[PDB]
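Everything below concerns the one structure shown next.
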Amino acid sequence: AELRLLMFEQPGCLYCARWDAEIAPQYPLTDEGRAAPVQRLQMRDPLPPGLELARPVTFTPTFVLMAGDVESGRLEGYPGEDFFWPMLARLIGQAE
């Protein structure tokens, strides 16, 4: 609390589009999705005010788990559905 998942994207990001097609529709309908609602941002834009990351985003897709306005942890990449869910769960688990 309050958890959010920032998804950093950019134009021509095939793996981002893969995430959008595969995970995104399910995401807010799942317990995980509901524990950490997703918010999309562009890698090359300035960050929303107040948001504190541990390091730059240099890879897309990157999913940063935020606890309040501070990065708790992140996942870099989307190797597939079965990789996403349990790695995200580990991040959610460590934020509480």
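Order determines the names: the first chain of the structure tokens is A, the second B, and so forth; residues in each chain are numbered 1 upward, and ligands are numbered 1 upward as they are shown.
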
### Task
List every residue of range 41-75 of chain A that DSSP, applied to the backbone of this structure, places in strand (DSSP E or B), and write the result as a ChimeraX atom specification.
/A:41-42,52,62-67,70-75

Take the selection from the previous step and output its residues with N, CA, C and O atoms, as a PDB file, in the first residue's frame.
```pdb
ATOM      1  N   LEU A  41       3.772   4.461 -18.964  1.00  0.00           N
ATOM      2  CA  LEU A  41       4.543   5.653 -19.203  1.00  0.00           C
ATOM      3  C   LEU A  41       5.479   5.398 -20.357  1.00  0.00           C
ATOM      4  O   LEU A  41       5.742   4.245 -20.704  1.00  0.00           O
ATOM      5  N   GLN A  42       5.944   6.479 -20.976  1.00  0.00           N
ATOM      6  CA  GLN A  42       6.956   6.404 -22.007  1.00  0.00           C
ATOM      7  C   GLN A  42       8.340   6.519 -21.395  1.00  0.00           C
ATOM      8  O   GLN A  42       8.606   7.435 -20.610  1.00  0.00           O
ATOM      9  N   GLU A  52       9.822   8.489  -7.365  1.00  0.00           N
ATOM     10  CA  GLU A  52      11.234   8.305  -7.072  1.00  0.00           C
ATOM     11  C   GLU A  52      11.655   6.898  -7.518  1.00  0.00           C
ATOM     12  O   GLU A  52      11.251   5.913  -6.901  1.00  0.00           O
ATOM     13  N   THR A  62       9.688  -2.242 -19.120  1.00  0.00           N
ATOM     14  CA  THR A  62      10.064  -2.396 -17.702  1.00  0.00           C
ATOM     15  C   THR A  62       8.831  -2.140 -16.850  1.00  0.00           C
ATOM     16  O   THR A  62       8.066  -1.224 -17.142  1.00  0.00           O
ATOM     17  N   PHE A  63       8.641  -2.958 -15.812  1.00  0.00           N
ATOM     18  CA  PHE A  63       7.509  -2.810 -14.882  1.00  0.00           C
ATOM     19  C   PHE A  63       8.105  -2.456 -13.532  1.00  0.00           C
ATOM     20  O   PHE A  63       8.831  -3.250 -12.974  1.00  0.00           O
ATOM     21  N   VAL A  64       7.862  -1.241 -13.054  1.00  0.00           N
ATOM     22  CA  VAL A  64       8.388  -0.861 -11.769  1.00  0.00           C
ATOM     23  C   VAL A  64       7.266  -0.960 -10.725  1.00  0.00           C
ATOM     24  O   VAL A  64       6.256  -0.283 -10.842  1.00  0.00           O
ATOM     25  N   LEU A  65       7.458  -1.795  -9.714  1.00  0.00           N
ATOM     26  CA  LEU A  65       6.537  -1.809  -8.579  1.00  0.00           C
ATOM     27  C   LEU A  65       6.852  -0.667  -7.624  1.00  0.00           C
ATOM     28  O   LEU A  65       7.945  -0.615  -7.035  1.00  0.00           O
ATOM     29  N   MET A  66       5.883   0.244  -7.470  1.00  0.00           N
ATOM     30  CA  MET A  66       6.011   1.407  -6.581  1.00  0.00           C
ATOM     31  C   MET A  66       5.226   1.183  -5.322  1.00  0.00           C
ATOM     32  O   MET A  66       4.107   0.695  -5.381  1.00  0.00           O
ATOM     33  N   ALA A  67       5.821   1.531  -4.184  1.00  0.00           N
ATOM     34  CA  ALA A  67       5.131   1.571  -2.881  1.00  0.00           C
ATOM     35  C   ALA A  67       5.035   3.045  -2.551  1.00  0.00           C
ATOM     36  O   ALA A  67       6.043   3.703  -2.214  1.00  0.00           O
ATOM     37  N   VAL A  70       7.733   5.650  -4.190  1.00  0.00           N
ATOM     38  CA  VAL A  70       9.101   5.115  -4.236  1.00  0.00           C
ATOM     39  C   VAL A  70       9.149   3.688  -4.787  1.00  0.00           C
ATOM     40  O   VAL A  70       8.338   2.822  -4.441  1.00  0.00           O
ATOM     41  N   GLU A  71      10.094   3.466  -5.689  1.00  0.00           N
ATOM     42  CA  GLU A  71      10.288   2.166  -6.284  1.00  0.00           C
ATOM     43  C   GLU A  71      10.596   1.164  -5.187  1.00  0.00           C
ATOM     44  O   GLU A  71      11.515   1.361  -4.388  1.00  0.00           O
ATOM     45  N   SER A  72       9.836   0.077  -5.192  1.00  0.00           N
ATOM     46  CA  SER A  72      10.102  -1.084  -4.345  1.00  0.00           C
ATOM     47  C   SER A  72      10.991  -2.112  -5.091  1.00  0.00           C
ATOM     48  O   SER A  72      11.896  -2.716  -4.518  1.00  0.00           O
ATOM     49  N   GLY A  73      10.733  -2.306  -6.385  1.00  0.00           N
ATOM     50  CA  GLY A  73      11.498  -3.274  -7.176  1.00  0.00           C
ATOM     51  C   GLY A  73      11.002  -3.180  -8.603  1.00  0.00           C
ATOM     52  O   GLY A  73      10.066  -2.436  -8.871  1.00  0.00           O
ATOM     53  N   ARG A  74      11.630  -3.914  -9.522  1.00  0.00           N
ATOM     54  CA  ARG A  74      11.226  -3.867 -10.926  1.00  0.00           C
ATOM     55  C   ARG A  74      11.457  -5.175 -11.645  1.00  0.00           C
ATOM     56  O   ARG A  74      12.244  -6.005 -11.187  1.00  0.00           O
ATOM     57  N   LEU A  75      10.762  -5.341 -12.777  1.00  0.00           N
ATOM     58  CA  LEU A  75      10.985  -6.457 -13.703  1.00  0.00           C
ATOM     59  C   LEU A  75      11.347  -5.829 -15.034  1.00  0.00           C
ATOM     60  O   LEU A  75      10.625  -4.950 -15.494  1.00  0.00           O
TER      61      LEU A  75
END
```

### Query
Near residue 10 in chain A, counting only C-alpha atoms, which residues have an atom at most 9 Å away, once you skip same-chain residues fewer than 3 positions from it, shown as a list in words?
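Neighbouring residues, sequence-local ones excluded: residues 13, 16, 41, 42, 43, 44, 60 and 61 of chain A.
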
Can I get the selection written as a CSV table (one decimal), in the first residue's frame, with C-alpha atoms?
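Everything below was put into out_2.csv:
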```
chain,number,residue,atom,x,y,z
A,13,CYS,CA,8.3,-2.1,-28.7
A,16,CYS,CA,5.3,-4.1,-25.0
A,41,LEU,CA,4.5,5.7,-19.2
A,42,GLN,CA,7.0,6.4,-22.0
A,43,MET,CA,10.6,5.6,-21.3
A,44,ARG,CA,11.9,8.9,-22.8
A,60,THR,CA,11.2,-1.5,-22.5
A,61,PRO,CA,9.1,-3.1,-21.3
```

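Across the model, the gap from CA of residue 23 in chain A to CA of residue 81 in chain A is 6.8 Å.
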
### Task
May I have the residues within 9 Å of residue 1 in chain A as a list in words, using only C-alpha atoms and disregarding those fewer than 6 positions away in the same chain?
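Here the qualifying residues turn out to be residues 35, 36, 67, 68, 95 and 96 of chain A.
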
Let's have the selection written as an mmCIF file, in the first residue's frame, with N, CA, C and O atoms.
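Output file selection29.cif is given in full below:
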```
data_model
loop_
_atom_site.group_PDB
_atom_site.id
_atom_site.type_symbol
_atom_site.label_atom_id
_atom_site.label_comp_id
_atom_site.auth_asym_id
_atom_site.auth_seq_id
_atom_site.Cartn_x
_atom_site.Cartn_y
_atom_site.Cartn_z
ATOM 1 N N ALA A 35 -4.056 -5.724 -6.739
ATOM 2 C CA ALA A 35 -3.127 -5.298 -5.686
ATOM 3 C C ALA A 35 -2.157 -4.192 -6.172
ATOM 4 O O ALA A 35 -1.741 -3.339 -5.386
ATOM 5 N N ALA A 36 -1.822 -4.192 -7.461
ATOM 6 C CA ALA A 36 -0.871 -3.222 -8.030
ATOM 7 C C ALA A 36 -1.320 -2.750 -9.412
ATOM 8 O O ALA A 36 -0.808 -3.232 -10.416
ATOM 9 N N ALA A 67 5.821 1.531 -4.184
ATOM 10 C CA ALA A 67 5.131 1.571 -2.881
ATOM 11 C C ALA A 67 5.035 3.045 -2.551
ATOM 12 O O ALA A 67 6.043 3.703 -2.214
ATOM 13 N N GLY A 68 3.838 3.595 -2.720
ATOM 14 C CA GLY A 68 3.702 5.020 -2.639
ATOM 15 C C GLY A 68 4.431 5.668 -3.807
ATOM 16 O O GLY A 68 4.208 5.326 -4.983
ATOM 17 N N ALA A 95 7.209 -5.916 -0.989
ATOM 18 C CA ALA A 95 6.658 -4.654 -0.589
ATOM 19 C C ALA A 95 5.722 -4.751 0.617
ATOM 20 O O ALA A 95 5.324 -3.769 1.155
ATOM 21 N N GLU A 96 5.356 -5.940 1.022
ATOM 22 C CA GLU A 96 4.895 -6.106 2.385
ATOM 23 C C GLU A 96 5.308 -7.397 3.026
ATOM 24 O O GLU A 96 4.558 -8.369 2.978
#
```

DSSP on the backbone: what in chain A comes out helix (DSSP H, G or I), as a short mmCIF file (atom, residue, chain, number, x, y, z; two decimals) with C-alpha atoms, in the first residue's frame?
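The file below, states.cif, is the result:
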```cif
data_model
loop_
_atom_site.label_atom_id
_atom_site.label_comp_id
_atom_site.auth_asym_id
_atom_site.auth_seq_id
_atom_site.Cartn_x
_atom_site.Cartn_y
_atom_site.Cartn_z
CA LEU A 14 7.17 -5.51 -29.90
CA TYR A 15 7.48 -6.97 -26.38
CA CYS A 16 5.33 -4.13 -24.97
CA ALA A 17 2.64 -4.92 -27.58
CA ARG A 18 2.91 -8.57 -26.60
CA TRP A 19 2.24 -7.64 -23.00
CA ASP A 20 -0.71 -5.42 -24.06
CA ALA A 21 -2.29 -8.26 -25.96
CA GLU A 22 -1.53 -11.08 -23.52
CA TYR A 27 -4.52 -7.85 -15.46
CA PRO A 28 -7.12 -5.66 -13.60
CA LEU A 29 -9.40 -8.72 -13.32
CA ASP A 31 -5.82 -10.42 -7.58
CA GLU A 32 -2.26 -9.31 -8.57
CA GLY A 33 -3.59 -6.80 -11.05
CA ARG A 34 -5.87 -5.45 -8.38
CA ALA A 35 -3.13 -5.30 -5.69
CA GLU A 81 3.03 -14.91 -19.28
CA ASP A 82 4.42 -17.60 -16.97
CA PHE A 83 7.48 -15.46 -16.23
CA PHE A 84 5.51 -12.32 -15.50
CA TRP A 85 3.06 -13.54 -12.85
CA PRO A 86 5.40 -15.22 -10.36
CA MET A 87 8.15 -12.58 -10.71
CA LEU A 88 5.59 -9.86 -10.08
CA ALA A 89 4.28 -11.84 -7.06
CA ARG A 90 7.82 -11.84 -5.61
CA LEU A 91 7.95 -8.07 -5.98
CA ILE A 92 4.47 -7.64 -4.37
CA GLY A 93 5.48 -9.97 -1.53
CA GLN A 94 8.56 -7.92 -0.66
#
```

### Query
Hey, which of A:24, A:50, A:37, A:80 ends up closest to residue 3 in chain A? Count only C-alpha atoms.
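The answer is A:37, which sits nearest to residue 3 in chain A.
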
### Task
Measure the distance from CA of residue 76 in chain A to CA of residue 58 in chain A in Å and round it to one decimal.
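It comes out at 9.3 Å.
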
### Query
By how many Å are CA of residue 51 in chain A and CA of residue 7 in chain A apart?
13.5 Å

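Omitting residue 39 in chain A and its sequence neighbours fewer than 4 positions away, and counting only C-alpha atoms, the residues within 8 Å are residues 4, 5, 6 and 7 of chain A.
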